[PDB]
Amino acid sequence: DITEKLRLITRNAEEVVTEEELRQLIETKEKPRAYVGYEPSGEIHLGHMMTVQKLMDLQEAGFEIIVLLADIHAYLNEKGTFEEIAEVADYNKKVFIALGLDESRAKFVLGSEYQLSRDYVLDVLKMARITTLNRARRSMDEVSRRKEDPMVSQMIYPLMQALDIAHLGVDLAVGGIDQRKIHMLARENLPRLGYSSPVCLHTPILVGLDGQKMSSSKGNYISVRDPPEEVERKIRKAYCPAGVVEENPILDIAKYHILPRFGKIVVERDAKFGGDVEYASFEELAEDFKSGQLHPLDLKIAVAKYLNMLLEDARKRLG
Amino acid sequence: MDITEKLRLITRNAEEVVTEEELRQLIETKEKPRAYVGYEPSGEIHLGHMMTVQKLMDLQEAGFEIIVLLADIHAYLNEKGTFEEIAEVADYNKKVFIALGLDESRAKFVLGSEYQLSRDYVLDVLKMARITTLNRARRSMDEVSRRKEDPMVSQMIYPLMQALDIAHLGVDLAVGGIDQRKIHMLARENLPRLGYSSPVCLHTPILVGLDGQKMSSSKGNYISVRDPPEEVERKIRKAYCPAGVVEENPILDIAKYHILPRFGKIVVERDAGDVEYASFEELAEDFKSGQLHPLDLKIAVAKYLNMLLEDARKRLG
Ligand SMILES: N[C@@H](Cc1ccc(O)cc1)C(=O)O
Ligand SMILES: N[C@@H](Cc1ccc(O)cc1)C(=O)O
C-alpha cells in the first residue's frame, strides 16, 4: 500500500523534500502528522483549495492532519488588527470544514494558542540568535506583504513558521513552493534547537485567471464566495490558449480541483464539435487539449459547471 | 533640595537631555519619578559603567527611584554567550554595582528574563515589531550591535525590547550613553503608538579610553574595577593627558565624571602648595593655564580612583 499512498501523497505536488524521507516516514511511525498554516484571509480562493486538497489526500493516505489558523502571522504580515484577524480566523475554520476538512479528519489550531507561551517565545529568541537577518529576509521575499522596506515583524515571521512545525509535532510540512525558503530554514535550524528536520511537500503556485501572477488587486482569481454567475463570467474571460497545457488557468482547475475531487470530468459538447466526452485522467484531457480535439470553449463550460458544483456544495455545508 | 538644585544635579555631566522642559515638569508633577539604566551583563565593569552609575546616584539624590536592569536576554540577543554564561555574569555584575554604591538599599535591581518572556511583554514586542521598520531598527543598532553588517535577527529584535523595557518597568527617565540615542528616539516615537508615555531621555557622553581613543578590550586602554592599585597607577601614569588641553582629556574626564561628583571635591598635592578644587570649572581653568601640571593631577586622580575601587573591592568581598 506504501506505493499507492506515496502516489496519492505526491499527486500534483511540485516538490518533495525529500522523497526518501517521505517513504521512510510512512514506514516507521504509522501515525504521520502533516499540516498547512494559513494567515486568516477574508477571501478563501482556489489557491487555498490547492493546499486543502493536498491535506485531504494526506488524510486519505492515513496522516493525522493539523490546520493552523496563523493569526499572529497574519498580524505580523500587516493583515489587520488582532480583533479583525480573530473574526476572519473563525470564518476560515468554517470554510475549511465546509470544503471537506471536517473536525473528525483535521484538528484546527489557533496560533495564539501557543505562540505566546514561554517555551515558544524562548525558542523564537534562540532561532533569532542563530539566523542571519539576510537569510530571514530572503526567505520572506515571496511571502512578505512588503518586499522592500519591510517591518521587523516580517523578519520574525519566518522563524515562527519554522517553530510551528516543531511545536505542533509535525512530520510533514505542506505549503506552496513559495514557502520553500522558510522550510529550508526550518530544516537547517530546527535541529539546532533539538527538533527534527521536517519532510516538506510543496504545491505549485497557481497562476491567475489572466495567465499572470494571482493578485488580490486584479481579482484574477475565483473565491469560494463567488456566485455561480460570477464563476461563469470569470472562467468565460479567462486566459486559455488552445493546445497550451502549462500556465493554463482553466486546465489547472481541472488538474488540481476537479479531477482529484470528482474522479472524472464530463465535457458536454454539441455533436458538431465531437459530442459529450468524458475524461478519467488529466493526462487524457491534456492530450486532447494539446491535439486540438478538446477546444477551450467546451472545456471552460465544463470547468465552470464542476467548480460551481464544488462551491455550491461547500456553501450548502457552510449553511 | 529645590527644583533648581535637582535640575543642576540631574543634568550635570549630561551630553543631552531630551528634553529639559519635560524633565522639569516630571519633577514638578510626580512624587517619585523613576529612572533606569540597562546593562548587558559583562565580565568587566569599567569606568564607562561607572559613568552611568554616577548619574543614577545623582538622580537618586534628586528624589528619583532608580532601577538597574541586568539585561540578560539582551546580552544573549547581542551574542554575549550562552544563557548559562550570561546568568553567571549577571550575578557578578549585580554584586559589583552594589559594591560600587548602588546597594539594594538605594537602587532596585531587575533581571530582564524576569519579565521579558511574559505574555503581555511578548505581545508588545510583536506590536512594536509591526510598527517599526527593519531599516529603523537596524540603524538604531549601528553603535550597539556586535555585528555591523550581517547582523542576526536577534539584533533587530533587541531595540524593540529596550524601548519596551521603558514602559514595562514604569520608567519616566531613560538614562544611557549617547550611543543609545537612536533606540531612545525609537522609544519616544513608538511607545505612544502602543498607548504608553514618551520617556524623558538623558544621555551621558561616551568616555574616551586612557590613550584618548575608543576604549577597546584589545588595547586595555581603560580602568577595570578589578585592576589592583599599582595597575591603576601604572595606567594613569601612562595615560594621554595633553598639557593645557581639557576636551576629552582622559585624566581630567575621570576628575570631572567620577571624582568631583562623588567626593564633592578633589585635593591635588603640590610642592610649596596643595590645592582643593570644589568645581571642575576651577580645575579645568588651572589646567588650561598651566597652574595645574598633568603629573600632579595624575597622582591625585590615581589616589582617588584607588580609594573608590579599593572600597568597592572590600564591599565586594
Ligand atoms: N507563510 C504561509 C502561512 C503560514 C504561517 C505559519 C505557518 O506555520 C505556516 C504557514 C503563507 O504565506 O501562506
Ligand atoms: N543597549 C544597552 C543595554 C540595554 C539593554 C536593555 C535596556 O532596556 C537598556 C539598555 C547598551 O548597549 O549598553
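Keep in mind that the numbers below use all heavy atoms, side chains included, and drop hydrogens, waters and symmetry copies. Here is the naming used below: chain letters follow the sequence lines, and residue numbers restart at 1 for every chain.
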Contact between [X] and [Y] at the side-chain level, heavy atoms closer than 4.5 Å - yes or no?
X: B:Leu164; Y: B:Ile166; value: no
X: A:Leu133; Y: B:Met152; value: no
X: A:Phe108; Y: A:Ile97; value: yes

Working for side-chain contact (heavy atoms from CB on, under 4.5 Å), residues B:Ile66 and B:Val175: CA-CA 10 Å; B:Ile66 56 172; B:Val175 177; over 6 Å; no

Less than 3.5 Å apart and able to act as donor and acceptor by atom type: which atom pairs between chain B and chain A qualify?
| unit_1 | atom_1 | unit_2 | atom_2 | d |
| --- | --- | --- | --- | --- |
| B:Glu79 | OE1 | A:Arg129 | NH1 | 3.0 |
| B:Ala129 | O | A:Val152 | N | 3.4 |
| B:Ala129 | O | A:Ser153 | N | 3.0 |
| B:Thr132 | O | A:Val152 | N | 2.9 |
| B:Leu134 | N | A:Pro150 | O | 2.9 |
| B:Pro151 | O | A:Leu133 | N | 2.9 |
| B:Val153 | N | A:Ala128 | O | 3.3 |
| B:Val153 | N | A:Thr131 | O | 2.9 |
| B:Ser154 | N | A:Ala128 | O | 3.0 |

Chi angles and distances behind the side-chain contact (heavy atoms from CB on, under 4.5 Å) call for A:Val17, A:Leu201: CA-CA 6 Å; A:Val17 182; A:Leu201 184 157; over 6 Å; no

Toward chain A, the part of B:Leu160 with a non-hydrogen atom under 4.5 Å: side chain

Point-to-point distance, once rounded to the nearest 0.5 Å, from CD1 of A:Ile66 to CG of A:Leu168: 5.0 Å

